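First the structure, in the form of structure tokens, and then the observations on it.
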Amino acid sequence: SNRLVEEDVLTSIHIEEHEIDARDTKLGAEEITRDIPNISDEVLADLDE
Amino acid sequence: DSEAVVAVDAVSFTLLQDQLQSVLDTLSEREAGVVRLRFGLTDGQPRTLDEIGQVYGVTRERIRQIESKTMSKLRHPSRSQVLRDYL
Amino acid sequence: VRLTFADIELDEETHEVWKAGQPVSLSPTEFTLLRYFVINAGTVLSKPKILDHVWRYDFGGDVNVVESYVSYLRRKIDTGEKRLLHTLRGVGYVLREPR
Amino acid sequence: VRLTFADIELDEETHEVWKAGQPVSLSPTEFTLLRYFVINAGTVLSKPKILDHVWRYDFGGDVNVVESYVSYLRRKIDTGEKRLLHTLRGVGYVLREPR
């Protein structure tokens with residue numbers, strides 16, 4: 001019945017983790033920065049500097 | 001396999017080539033040929049101005065001027081919007 | 001609304017130009033060149049945008065004519081060898097006070 | 001908007017450089033090389049992609065031209081034998097304050 005959906009009787013909180021590493025390279029260094037090429041702004045709204 | 005063809009960007013490149021051909025054909029033929037051999041589209045090598053002069057019987061300053069005419073007309077938003085979308 | 005820069009004064013109504021308070025007579029095409037040159041003071045001006053904006057797009061002459069124009073501007077206001085309207089090789093000219 | 005690094009400073013308008021506060025005159029293409037160096041500060045520069053981006057793709061000359069140009073950059077701003085413009089064998093050059 002929809003009561004279970006509405007009353008949150010059977011609902012689970014699920015958490016995932018996403019690792020990402022910037023490492024040294026012969027090309028130089030990879031930067032964790034907002035200087036991201038060719039991107040819009042509505043998708044840049046929710047990022048810190 | 002990184003070296004494998006994406007099979008999506010290939011069709012995109014072909015349609016971009018079609019759009020470029022349409023845009024160039026919309027421009028005057030002398031300008032289209034000048035820029036085509038300036039950036040080496042139809043052949044494997046872009047060429048310097050003196051080659052353009054030898055193939056069109058003009059001085060290199062005239063080719064600089066016609067190139068100025070080319071990117072001036074190419075900044076027209078009619079082409080600018082229709083091509084800038086392709087990115 | 002009069003356009004002033006260092007010692008050059010210009011009035012957009014009757015198009016008279018003052019160099020250090022002295023009025024000088026100036027040609028219309030050179031007047032447009034000077035008006036553009038003040039209106040973009042602090043930014044280098046190269047020839048292609050000069051022919052693109054200031055002059056008509058049907059201009060089929062050589063590139064030496066604008067050079068003669070800036071020559072008359074040199075002999076008109078900044079007659080000194082070092083002048084407010086400096087030049088850059090390949091990037092045309094610019095009007096700024098020398099440092 | 002002027003781009004600075006250590007003791008070299010660049011204005012994007014009139015294409016000049018200050019080295020430790022002293023203005024310096026420099027060649028146009030040499031200036032483009034310096035512009036690449038500052039625009040990719042902290043990242044190593046290799047002769048090829050330097051040739052690819054800065055120089056025209058029609059360049060049919062040898063490879064000594066870029067090495068000589070780096071030598072000019074050295075003798076103009078980084079006159080010291082040890083210099084902020086470090087060189088990598090087979091990997092090119094880089095703009096970096098030495099540690």
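Following the order of the structure tokens, first chain is A, next is B, and so on, with residues numbered from 1 inside each chain and ligands from 1 in the order they appear.
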
Closest-contact table, stretch 2-98 of chain D side, partner stretch 29-46 of chain B, 12 Å, counting only C-alpha atoms, as CSV:
residue,atom,partner,partner_atom,distance
D:56,CA,B:46,CA,9.8
D:57,CA,B:46,CA,7.7
D:58,CA,B:46,CA,6.4
D:59,CA,B:46,CA,10.2
D:60,CA,B:45,CA,11.3

Quick one: superpose chain D onto chain C using all C-alpha atoms paired in order, least squares, and give it to me as a short mmCIF file (atom, residue, chain, number, x, y, z; two decimals) with N, CA, C and O atoms, in the first residue's frame.
data_model
loop_
_atom_site.label_atom_id
_atom_site.label_comp_id
_atom_site.auth_asym_id
_atom_site.auth_seq_id
_atom_site.Cartn_x
_atom_site.Cartn_y
_atom_site.Cartn_z
N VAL D 1 30.94 67.06 -21.22
CA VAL D 1 30.92 65.88 -22.08
C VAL D 1 32.13 65.91 -23.01
O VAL D 1 32.42 64.92 -23.69
N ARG D 2 32.83 67.04 -23.03
CA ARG D 2 34.05 67.16 -23.82
C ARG D 2 35.08 66.14 -23.34
O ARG D 2 35.25 65.94 -22.14
N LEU D 3 35.76 65.51 -24.29
CA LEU D 3 36.66 64.40 -23.97
C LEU D 3 38.09 64.90 -23.97
O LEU D 3 38.56 65.50 -24.94
N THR D 4 38.80 64.66 -22.86
CA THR D 4 40.12 65.23 -22.64
C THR D 4 41.13 64.12 -22.38
O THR D 4 40.80 63.06 -21.84
N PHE D 5 42.38 64.39 -22.77
CA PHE D 5 43.50 63.50 -22.51
C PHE D 5 44.78 64.33 -22.47
O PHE D 5 45.18 64.88 -23.50
N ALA D 6 45.41 64.38 -21.30
CA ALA D 6 46.67 65.09 -21.11
C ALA D 6 46.55 66.55 -21.52
O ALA D 6 46.10 67.38 -20.73
N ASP D 7 46.97 66.87 -22.75
CA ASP D 7 46.93 68.24 -23.24
C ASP D 7 46.10 68.39 -24.51
O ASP D 7 46.03 69.49 -25.06
N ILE D 8 45.47 67.32 -24.98
CA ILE D 8 44.55 67.37 -26.11
C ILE D 8 43.13 67.30 -25.56
O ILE D 8 42.87 66.61 -24.57
N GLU D 9 42.23 68.08 -26.15
CA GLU D 9 40.85 68.18 -25.70
C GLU D 9 39.94 68.31 -26.91
O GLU D 9 40.27 68.98 -27.89
N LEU D 10 38.77 67.67 -26.82
CA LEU D 10 37.85 67.55 -27.94
C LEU D 10 36.45 67.91 -27.51
O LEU D 10 35.98 67.49 -26.44
N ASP D 11 35.76 68.69 -28.35
CA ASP D 11 34.34 68.95 -28.21
C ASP D 11 33.59 68.13 -29.25
O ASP D 11 33.91 68.19 -30.44
N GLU D 12 32.60 67.36 -28.79
CA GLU D 12 31.89 66.47 -29.69
C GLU D 12 30.95 67.20 -30.64
O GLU D 12 30.47 66.60 -31.60
N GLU D 13 30.68 68.49 -30.40
CA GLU D 13 29.71 69.19 -31.24
C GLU D 13 30.34 69.70 -32.53
O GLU D 13 30.03 69.21 -33.62
N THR D 14 31.28 70.64 -32.43
CA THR D 14 31.78 71.34 -33.61
C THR D 14 33.11 70.80 -34.12
O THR D 14 33.78 71.48 -34.90
N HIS D 15 33.51 69.61 -33.69
CA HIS D 15 34.57 68.83 -34.32
C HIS D 15 35.91 69.56 -34.39
O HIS D 15 36.59 69.51 -35.41
N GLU D 16 36.29 70.26 -33.32
CA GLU D 16 37.59 70.90 -33.27
C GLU D 16 38.40 70.35 -32.11
O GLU D 16 37.88 69.64 -31.24
N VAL D 17 39.69 70.67 -32.09
CA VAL D 17 40.59 70.18 -31.06
C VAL D 17 41.36 71.35 -30.46
O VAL D 17 41.68 72.33 -31.14
N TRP D 18 41.62 71.25 -29.16
CA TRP D 18 42.64 72.06 -28.51
C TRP D 18 43.84 71.19 -28.16
O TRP D 18 43.69 70.12 -27.57
N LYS D 19 45.02 71.67 -28.52
CA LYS D 19 46.29 71.06 -28.14
C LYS D 19 46.97 72.00 -27.16
O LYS D 19 47.42 73.08 -27.55
N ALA D 20 47.02 71.60 -25.89
CA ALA D 20 47.61 72.40 -24.82
C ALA D 20 46.98 73.79 -24.76
O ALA D 20 47.65 74.79 -24.49
N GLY D 21 45.67 73.86 -25.01
CA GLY D 21 44.95 75.11 -24.99
C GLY D 21 44.94 75.87 -26.30
O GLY D 21 44.23 76.88 -26.40
N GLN D 22 45.69 75.43 -27.30
CA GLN D 22 45.71 76.12 -28.59
C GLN D 22 44.76 75.43 -29.56
O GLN D 22 44.92 74.23 -29.82
N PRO D 23 43.76 76.13 -30.09
CA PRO D 23 42.88 75.50 -31.08
C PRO D 23 43.64 75.13 -32.34
O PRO D 23 44.55 75.84 -32.78
N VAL D 24 43.26 73.99 -32.92
CA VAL D 24 43.93 73.46 -34.10
C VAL D 24 42.88 72.96 -35.08
O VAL D 24 41.94 72.27 -34.69
N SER D 25 43.05 73.31 -36.36
CA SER D 25 42.18 72.81 -37.41
C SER D 25 42.77 71.53 -37.99
O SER D 25 43.99 71.42 -38.17
N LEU D 26 41.91 70.56 -38.29
CA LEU D 26 42.37 69.25 -38.74
C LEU D 26 41.36 68.63 -39.70
O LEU D 26 40.19 69.02 -39.72
N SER D 27 41.83 67.68 -40.50
CA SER D 27 41.03 67.07 -41.54
C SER D 27 39.94 66.19 -40.95
O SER D 27 40.06 65.70 -39.82
N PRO D 28 38.84 65.97 -41.69
CA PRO D 28 37.73 65.18 -41.12
C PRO D 28 38.09 63.74 -40.79
O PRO D 28 37.92 63.33 -39.63
N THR D 29 38.57 62.96 -41.75
CA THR D 29 38.90 61.56 -41.48
C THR D 29 40.03 61.45 -40.47
O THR D 29 40.05 60.55 -39.62
N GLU D 30 41.01 62.36 -40.57
CA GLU D 30 42.06 62.45 -39.57
C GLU D 30 41.47 62.69 -38.19
O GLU D 30 41.91 62.09 -37.20
N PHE D 31 40.43 63.54 -38.13
CA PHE D 31 39.71 63.77 -36.88
C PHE D 31 39.01 62.50 -36.40
O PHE D 31 38.94 62.26 -35.19
N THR D 32 38.47 61.70 -37.31
CA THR D 32 37.86 60.44 -36.90
C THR D 32 38.90 59.49 -36.30
O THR D 32 38.62 58.78 -35.33
N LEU D 33 40.10 59.47 -36.88
CA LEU D 33 41.18 58.68 -36.27
C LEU D 33 41.47 59.17 -34.86
O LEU D 33 41.64 58.37 -33.93
N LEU D 34 41.54 60.49 -34.68
CA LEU D 34 41.80 61.02 -33.35
C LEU D 34 40.65 60.69 -32.40
O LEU D 34 40.87 60.44 -31.20
N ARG D 35 39.41 60.68 -32.91
CA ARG D 35 38.26 60.31 -32.10
C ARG D 35 38.36 58.86 -31.64
O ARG D 35 38.05 58.55 -30.49
N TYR D 36 38.78 57.97 -32.53
CA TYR D 36 39.04 56.59 -32.12
C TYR D 36 40.12 56.53 -31.05
O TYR D 36 40.00 55.77 -30.09
N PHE D 37 41.18 57.31 -31.22
CA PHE D 37 42.28 57.27 -30.26
C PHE D 37 41.82 57.70 -28.88
O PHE D 37 42.17 57.06 -27.87
N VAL D 38 41.03 58.77 -28.80
CA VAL D 38 40.59 59.25 -27.49
C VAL D 38 39.51 58.33 -26.92
O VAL D 38 39.44 58.13 -25.70
N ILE D 39 38.66 57.77 -27.78
CA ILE D 39 37.56 56.94 -27.28
C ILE D 39 38.09 55.61 -26.76
O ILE D 39 37.41 54.92 -26.00
N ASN D 40 39.31 55.23 -27.14
CA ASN D 40 39.98 54.04 -26.63
C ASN D 40 41.34 54.39 -26.04
O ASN D 40 42.34 53.73 -26.30
N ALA D 41 41.37 55.45 -25.23
CA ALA D 41 42.61 55.90 -24.62
C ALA D 41 43.17 54.82 -23.70
O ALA D 41 42.44 54.15 -22.96
N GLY D 42 44.49 54.66 -23.74
CA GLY D 42 45.16 53.64 -22.97
C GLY D 42 45.10 52.25 -23.56
O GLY D 42 45.71 51.33 -23.00
N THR D 43 44.38 52.06 -24.66
CA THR D 43 44.27 50.78 -25.34
C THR D 43 44.98 50.88 -26.68
O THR D 43 44.84 51.89 -27.38
N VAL D 44 45.74 49.85 -27.03
CA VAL D 44 46.53 49.87 -28.25
C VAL D 44 45.63 49.79 -29.47
O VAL D 44 44.58 49.12 -29.47
N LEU D 45 46.03 50.48 -30.53
CA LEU D 45 45.30 50.54 -31.79
C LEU D 45 46.08 49.79 -32.85
O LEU D 45 47.27 50.05 -33.05
N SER D 46 45.40 48.88 -33.56
CA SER D 46 46.04 48.14 -34.68
C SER D 46 45.44 48.62 -36.00
O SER D 46 44.23 48.92 -36.02
N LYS D 47 46.24 48.65 -37.07
CA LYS D 47 45.76 49.18 -38.37
C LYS D 47 44.48 48.47 -38.82
O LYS D 47 43.52 49.17 -39.21
N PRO D 48 44.39 47.12 -38.79
CA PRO D 48 43.21 46.41 -39.30
C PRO D 48 41.88 46.89 -38.70
O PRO D 48 41.09 47.45 -39.43
N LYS D 49 41.67 46.66 -37.40
CA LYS D 49 40.41 47.03 -36.76
C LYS D 49 40.21 48.54 -36.78
O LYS D 49 39.07 49.02 -36.74
N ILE D 50 41.30 49.31 -36.88
CA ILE D 50 41.17 50.72 -37.21
C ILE D 50 40.51 50.88 -38.58
O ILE D 50 39.59 51.68 -38.76
N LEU D 51 40.98 50.10 -39.56
CA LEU D 51 40.36 50.11 -40.88
C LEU D 51 38.93 49.62 -40.81
O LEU D 51 38.04 50.14 -41.50
N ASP D 52 38.68 48.59 -40.00
CA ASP D 52 37.36 47.98 -39.90
C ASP D 52 36.33 48.98 -39.38
O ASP D 52 35.25 49.12 -39.97
N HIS D 53 36.64 49.68 -38.29
CA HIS D 53 35.62 50.49 -37.64
C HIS D 53 35.60 51.90 -38.23
O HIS D 53 34.56 52.34 -38.73
N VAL D 54 36.72 52.61 -38.15
CA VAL D 54 36.76 53.99 -38.64
C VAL D 54 36.47 54.04 -40.13
O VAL D 54 35.62 54.81 -40.59
N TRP D 55 37.17 53.22 -40.90
CA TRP D 55 37.06 53.34 -42.34
C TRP D 55 35.94 52.44 -42.85
O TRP D 55 35.52 51.49 -42.19
N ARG D 56 35.45 52.75 -44.05
CA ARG D 56 34.46 51.90 -44.68
C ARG D 56 35.06 50.54 -45.02
O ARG D 56 36.26 50.42 -45.30
N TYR D 57 34.21 49.52 -45.00
CA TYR D 57 34.63 48.16 -45.31
C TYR D 57 34.91 47.96 -46.80
O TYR D 57 35.39 46.89 -47.18
N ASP D 58 34.63 48.96 -47.63
CA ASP D 58 34.88 48.90 -49.06
C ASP D 58 36.27 49.40 -49.43
O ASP D 58 36.58 49.49 -50.62
N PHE D 59 37.10 49.74 -48.45
CA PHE D 59 38.40 50.34 -48.70
C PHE D 59 39.30 49.34 -49.41
O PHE D 59 39.66 48.30 -48.85
N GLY D 60 39.66 49.65 -50.66
CA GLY D 60 40.53 48.81 -51.45
C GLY D 60 41.95 49.29 -51.58
O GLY D 60 42.72 48.72 -52.36
N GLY D 61 42.34 50.32 -50.82
CA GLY D 61 43.67 50.87 -50.95
C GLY D 61 44.72 50.07 -50.21
O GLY D 61 44.47 48.98 -49.68
N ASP D 62 45.93 50.63 -50.17
CA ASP D 62 47.07 49.98 -49.53
C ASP D 62 47.08 50.30 -48.04
O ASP D 62 46.13 50.87 -47.49
N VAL D 63 48.16 49.93 -47.36
CA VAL D 63 48.26 50.12 -45.91
C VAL D 63 49.03 51.38 -45.54
O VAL D 63 49.03 51.77 -44.36
N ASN D 64 49.68 52.04 -46.50
CA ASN D 64 50.45 53.24 -46.19
C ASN D 64 49.56 54.41 -45.80
O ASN D 64 50.07 55.37 -45.20
N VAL D 65 48.27 54.36 -46.11
CA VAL D 65 47.38 55.49 -45.83
C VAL D 65 47.29 55.73 -44.33
O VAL D 65 47.36 56.88 -43.86
N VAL D 66 47.14 54.66 -43.54
CA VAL D 66 46.99 54.84 -42.10
C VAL D 66 48.30 55.33 -41.49
O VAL D 66 48.30 56.19 -40.60
N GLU D 67 49.44 54.80 -41.95
CA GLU D 67 50.72 55.27 -41.45
C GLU D 67 50.92 56.75 -41.75
O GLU D 67 51.36 57.52 -40.89
N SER D 68 50.57 57.17 -42.97
CA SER D 68 50.66 58.58 -43.31
C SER D 68 49.75 59.41 -42.42
O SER D 68 50.14 60.48 -41.94
N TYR D 69 48.53 58.93 -42.19
CA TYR D 69 47.59 59.68 -41.35
C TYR D 69 48.12 59.84 -39.93
O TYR D 69 47.99 60.91 -39.32
N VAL D 70 48.72 58.78 -39.38
CA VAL D 70 49.38 58.89 -38.09
C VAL D 70 50.51 59.91 -38.14
O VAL D 70 50.75 60.64 -37.18
N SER D 71 51.23 59.96 -39.27
CA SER D 71 52.26 60.98 -39.42
C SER D 71 51.67 62.38 -39.36
O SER D 71 52.26 63.29 -38.76
N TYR D 72 50.52 62.59 -40.00
CA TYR D 72 49.83 63.88 -39.88
C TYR D 72 49.44 64.17 -38.44
O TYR D 72 49.65 65.29 -37.95
N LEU D 73 48.86 63.20 -37.73
CA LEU D 73 48.55 63.42 -36.32
C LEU D 73 49.79 63.82 -35.54
O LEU D 73 49.73 64.68 -34.65
N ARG D 74 50.93 63.19 -35.84
CA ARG D 74 52.17 63.56 -35.17
C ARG D 74 52.55 65.00 -35.47
O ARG D 74 52.77 65.80 -34.56
N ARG D 75 52.60 65.36 -36.75
CA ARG D 75 53.05 66.70 -37.11
C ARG D 75 52.05 67.79 -36.74
O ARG D 75 52.40 68.97 -36.79
N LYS D 76 50.82 67.42 -36.38
CA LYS D 76 49.85 68.44 -36.01
C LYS D 76 49.87 68.72 -34.51
O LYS D 76 49.80 69.88 -34.09
N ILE D 77 49.95 67.67 -33.68
CA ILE D 77 49.82 67.86 -32.24
C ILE D 77 51.06 67.38 -31.48
O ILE D 77 51.58 68.09 -30.61
N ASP D 78 51.55 66.18 -31.80
CA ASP D 78 52.72 65.62 -31.12
C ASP D 78 53.97 65.76 -32.00
O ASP D 78 54.52 64.78 -32.51
N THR D 79 54.40 67.01 -32.18
CA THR D 79 55.48 67.29 -33.11
C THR D 79 56.79 66.66 -32.65
O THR D 79 57.68 66.41 -33.47
N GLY D 80 56.93 66.41 -31.36
CA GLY D 80 58.14 65.79 -30.84
C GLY D 80 58.35 64.40 -31.38
O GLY D 80 57.39 63.68 -31.67
N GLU D 81 59.62 64.00 -31.54
CA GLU D 81 59.95 62.67 -32.01
C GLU D 81 59.38 61.60 -31.08
O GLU D 81 58.69 60.68 -31.51
N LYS D 82 59.67 61.73 -29.78
CA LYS D 82 58.91 60.99 -28.79
C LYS D 82 57.56 61.67 -28.61
O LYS D 82 57.48 62.90 -28.48
N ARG D 83 56.49 60.89 -28.64
CA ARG D 83 55.15 61.45 -28.71
C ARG D 83 54.19 60.61 -27.89
O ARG D 83 54.42 59.42 -27.65
N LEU D 84 53.09 61.24 -27.47
CA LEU D 84 52.06 60.54 -26.71
C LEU D 84 51.41 59.45 -27.54
O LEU D 84 50.82 58.51 -26.99
N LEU D 85 51.48 59.56 -28.87
CA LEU D 85 50.89 58.57 -29.76
C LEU D 85 51.95 57.53 -30.14
O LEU D 85 52.56 57.60 -31.21
N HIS D 86 52.21 56.59 -29.24
CA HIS D 86 53.25 55.60 -29.47
C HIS D 86 52.83 54.60 -30.54
O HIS D 86 51.64 54.36 -30.75
N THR D 87 53.82 54.02 -31.21
CA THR D 87 53.59 53.06 -32.27
C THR D 87 54.17 51.70 -31.89
O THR D 87 55.29 51.60 -31.38
N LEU D 88 53.39 50.65 -32.15
CA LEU D 88 53.80 49.28 -31.88
C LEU D 88 54.05 48.56 -33.20
O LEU D 88 53.22 48.62 -34.11
N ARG D 89 55.19 47.89 -33.29
CA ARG D 89 55.57 47.22 -34.53
C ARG D 89 54.69 45.99 -34.75
O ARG D 89 54.74 45.03 -33.97
N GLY D 90 53.89 46.03 -35.81
CA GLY D 90 52.99 44.94 -36.13
C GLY D 90 51.73 44.90 -35.30
O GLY D 90 50.91 43.99 -35.49
N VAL D 91 51.54 45.85 -34.40
CA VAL D 91 50.41 45.85 -33.48
C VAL D 91 49.78 47.24 -33.54
O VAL D 91 48.67 47.46 -33.05
N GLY D 92 50.45 48.16 -34.22
CA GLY D 92 49.88 49.46 -34.53
C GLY D 92 50.29 50.60 -33.63
O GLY D 92 51.48 50.86 -33.45
N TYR D 93 49.31 51.30 -33.07
CA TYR D 93 49.55 52.54 -32.34
C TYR D 93 48.78 52.54 -31.03
O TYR D 93 48.00 51.63 -30.75
N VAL D 94 49.01 53.58 -30.23
CA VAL D 94 48.35 53.73 -28.94
C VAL D 94 48.51 55.18 -28.48
O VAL D 94 49.52 55.82 -28.74
N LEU D 95 47.48 55.69 -27.81
CA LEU D 95 47.52 57.01 -27.18
C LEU D 95 47.81 56.80 -25.70
O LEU D 95 47.05 56.13 -24.99
N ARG D 96 48.92 57.37 -25.24
CA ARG D 96 49.44 57.10 -23.91
C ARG D 96 50.47 58.16 -23.55
O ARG D 96 51.37 58.46 -24.34
N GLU D 97 50.35 58.72 -22.36
CA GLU D 97 51.40 59.61 -21.88
C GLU D 97 52.63 58.78 -21.51
O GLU D 97 52.52 57.83 -20.73
N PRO D 98 53.80 59.10 -22.07
CA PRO D 98 54.99 58.28 -21.80
C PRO D 98 55.37 58.29 -20.33
O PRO D 98 55.24 59.30 -19.64
N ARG D 99 55.86 57.14 -19.86
CA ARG D 99 56.29 57.00 -18.47
C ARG D 99 57.73 57.48 -18.31
O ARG D 99 58.39 57.85 -19.28
#

- Item | In chain C, DSSP strand (DSSP E) residues written as an MDAnalysis selection string | chainID C and resid 3:5 8:10 17:19 22:24 85:88 92:95

Taking only C-alpha atoms into account, find every residue of chain A that has an atom no more than 8 Å from chain D, and write it out as a PDB file with N, CA and C atoms, in the first residue's frame.
ATOM      1  N   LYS A  26      54.473  14.345 -15.527  1.00  0.00           N
ATOM      2  CA  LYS A  26      55.493  14.996 -16.343  1.00  0.00           C
ATOM      3  C   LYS A  26      54.959  16.263 -16.995  1.00  0.00           C
ATOM      4  N   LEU A  27      53.654  16.317 -17.254  1.00  0.00           N
ATOM      5  CA  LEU A  27      53.037  17.523 -17.789  1.00  0.00           C
ATOM      6  C   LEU A  27      53.005  18.656 -16.774  1.00  0.00           C
ATOM      7  N   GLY A  28      53.246  18.362 -15.499  1.00  0.00           N
ATOM      8  CA  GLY A  28      53.205  19.376 -14.464  1.00  0.00           C
ATOM      9  C   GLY A  28      52.446  18.926 -13.234  1.00  0.00           C
ATOM     10  N   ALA A  29      51.380  19.642 -12.890  1.00  0.00           N
ATOM     11  CA  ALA A  29      50.548  19.301 -11.747  1.00  0.00           C
ATOM     12  C   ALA A  29      49.084  19.452 -12.124  1.00  0.00           C
TER      13      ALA A  29
END

- Task: Tell me, as number ranges by chain, which residues lie within 12 Å of residue A:47, counting only C-alpha atoms; anything in the same chain fewer than 5 positions away does not count.
- Result: A: 32-36, 41-42

Counting only C-alpha atoms, what are the residues of chain A within 12 Å of chain B, and for each of them which pair of atoms is the nearest and at what distance in Å, to one decimal? Sort the table by chain and rising number, as a Markdown table.
| residue | atom | partner | partner_atom | distance |
| --- | --- | --- | --- | --- |
| A:37 | CA | B:87 | CA | 11.6 |
| A:38 | CA | B:87 | CA | 8.4 |
| A:39 | CA | B:87 | CA | 10.4 |
| A:40 | CA | B:87 | CA | 11.9 |

Given the selection you just returned, output its residues as a file containing C-alpha atoms, formatted as a CSV table (one decimal), in the first residue's frame.
chain,number,residue,atom,x,y,z
A,37,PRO,CA,37.2,24.9,-19.4
A,38,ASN,CA,34.1,25.3,-21.5
A,39,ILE,CA,31.4,25.0,-18.8
A,40,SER,CA,28.2,26.9,-18.1

- Taking the backbone alone, and naming residues the way the document does, which bits of chain D are alpha helix (DSSP H) by DSSP, as an MDAnalysis selection string? chainID D and resid 28:39 47:53 64:76

- Message: Calculated over only C-alpha atoms, which of the candidates B:6, B:49, B:23, B:15 has the smallest distance to chain D?
- Response: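 Residue with the minimum atom-to-atom distance to chain D: B:49.
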
- Message: Give me, as a PyMOL selection string, the residues of chain B touching chain C, with the criterion being at most 10 Å (counting only C-alpha atoms).
- Response: chain B and resi 61-62+64-65+68-69+72

C-alpha atoms of the current selection, written as a tab-separated table (two decimals), in the first residue's frame:
chain	number	residue	atom	x	y	z
B	61	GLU	CA	49.13	42.09	-48.78
B	62	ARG	CA	45.99	41.50	-50.84
B	64	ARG	CA	46.07	39.53	-45.85
B	65	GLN	CA	43.26	41.94	-46.75
B	68	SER	CA	40.65	40.25	-42.92
B	69	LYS	CA	37.46	40.32	-45.01
B	72	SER	CA	35.17	40.01	-40.54
